[PDB]
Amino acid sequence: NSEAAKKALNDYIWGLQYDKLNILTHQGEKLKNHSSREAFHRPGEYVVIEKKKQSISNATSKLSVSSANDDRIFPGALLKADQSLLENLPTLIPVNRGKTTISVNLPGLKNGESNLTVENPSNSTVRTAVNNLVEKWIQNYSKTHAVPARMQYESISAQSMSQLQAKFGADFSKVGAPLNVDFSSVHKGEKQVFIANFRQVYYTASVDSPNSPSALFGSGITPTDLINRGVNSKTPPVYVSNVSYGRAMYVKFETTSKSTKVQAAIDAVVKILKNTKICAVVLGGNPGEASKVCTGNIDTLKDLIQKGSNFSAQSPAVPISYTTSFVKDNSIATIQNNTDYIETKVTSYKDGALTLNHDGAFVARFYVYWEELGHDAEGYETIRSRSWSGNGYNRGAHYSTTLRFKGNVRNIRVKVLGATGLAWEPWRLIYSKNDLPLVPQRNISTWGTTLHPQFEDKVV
């Protein structure tokens, strides 16, 4: 009976056991938590460069369509949930397929016009069919139905290539190569790098859940057929349930600036430091080319973006992402990318200055102490107390001096004494303060008379 064959195949798919939400898990670098500290001084600042292990976990259902897999992604394609998928170079299961129904969500396609059916679905026929429909829409409805883009935006501070593969897919080390990511620049911390992905979607082609798993195969495909071809619990089958068409691009941002809201700046121009030259890798758009554009400038990127904010409606748009569902229960398949990476973090401790000013009509004494972070011959960290060589000396008709400290100084202590003229108590503590931060400029000034001395501790 031709209906017992259906149950055999449906029974085989439903009989597979796998962790529905951990079977697709990409594992980048695994690293021990080895630390590192470089430290040195340069004009105005004491720079500390610290390296630390960090992890990133990113889940995603919308996988990217590259030129490496476009010949293989199409609505209704049968794929193996295996290493090939995690690598974003999936594998077509070589087996006859059943009739596939596809729906295109372009505006104006009403009643039944938005639906296709391909009886022998393949990358050639499904595309030829999807294009025919999009072109038929261009010819009949594009001039009275506008198609705005649905923007999907993602961005990250670049740290390592494995870190970027987790964020954008193992695919990325190939797609994002024309960006030529200056990774030498980040380990010295002379400038920051941000990679952003822009996806402008004009329309989608989708597949509704078939009535049963057997409907995706030829009327004659047998459980043995799938067992022979490696379709099982290790690598269960998925099918492309949705393809998004439109335009996509990667953009690089190399910032000398040391600001913090650098990302919030980038995130805000997509609708504040106009520093950073820009590098765009556009994937799709008009065939007349412009695959890579660079550099900035400022908002020729902003012009590049809006250029594809509406579907120009001259040709069918390019495929830019797809989504797969498990044949077993038609639930969306999520890929999980994890990796450890070394995050380089630069910290600047600005130099500071302490000025002592004595303008009082009395003899004064200044005492300045501070702590100092340093290293020894072996390079191990050391903390040491210090003293100003001028401590205790009598001062001043119009005495003034400025102490310039490197950024590695902290916790300044200050004391000021003045002559009283009293034999029983010749010196009195006019002022004293501990735990003083190293601000750019601080004045300890004293003035007044013997009987009524004055002072001020002022941050300029």
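Note that residue numbering follows the sequence shown and begins at 1.
I'd like the number of residues from the deposited sequence that lie between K271 and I272 yet are not in the model, binned as none, 1 to 3, 4 to 9, or 10 or more. Going from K271 to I272, the model skips 10 or more residues of the deposited sequence.
Mean Cα B-factor comparison, 408-416 or 33-41, giving the higher one as deposited: Comparing 33-41 with 408-416, the higher mean C-alpha B-factor belongs to 33-41.
Could you settle it for me: does 418-426 or 51-59 have the higher average Cα B factor in the PDB entry? The stretch with the larger average C-alpha B-factor is 51-59.
Top Cα B factor in the deposited entry, candidates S142, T344, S387, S325: When the deposited C-alpha B-factors of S142, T344, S387, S325 are compared, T344 is largest.
Checking the record values for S206, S257, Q336, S84, which has the greatest CA B factor? Checking the PDB record, the top C-alpha B-factor among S206, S257, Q336, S84 is at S257.
Among all modelled residues of this chain, ranked by Cα B factor, put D299 in the bottom, middle or top third, i.e. lowest, middle or highest. For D299, whose C-alpha B-factor we compare with every modelled residue in the chain, the answer is the highest third.
Considering only modelled residues of the same chain, in which third does the CA B-factor of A397 rank: lowest, middle or highest? Its C-alpha B-factor, which the entry lists for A397, ranks in the highest third among residues of this chain.
Please place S312 in the lowest, middle or highest third of its chain by C-alpha B factor as given in the entry. It falls in the top third of the chain.
Rank-wise, by C-alpha B-factor, drop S67 into the lowest, middle or highest third of its chain. It falls in the top third of the chain.
B-factor third for the C-alpha atom of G230 within its chain: It falls in the bottom third of the chain.
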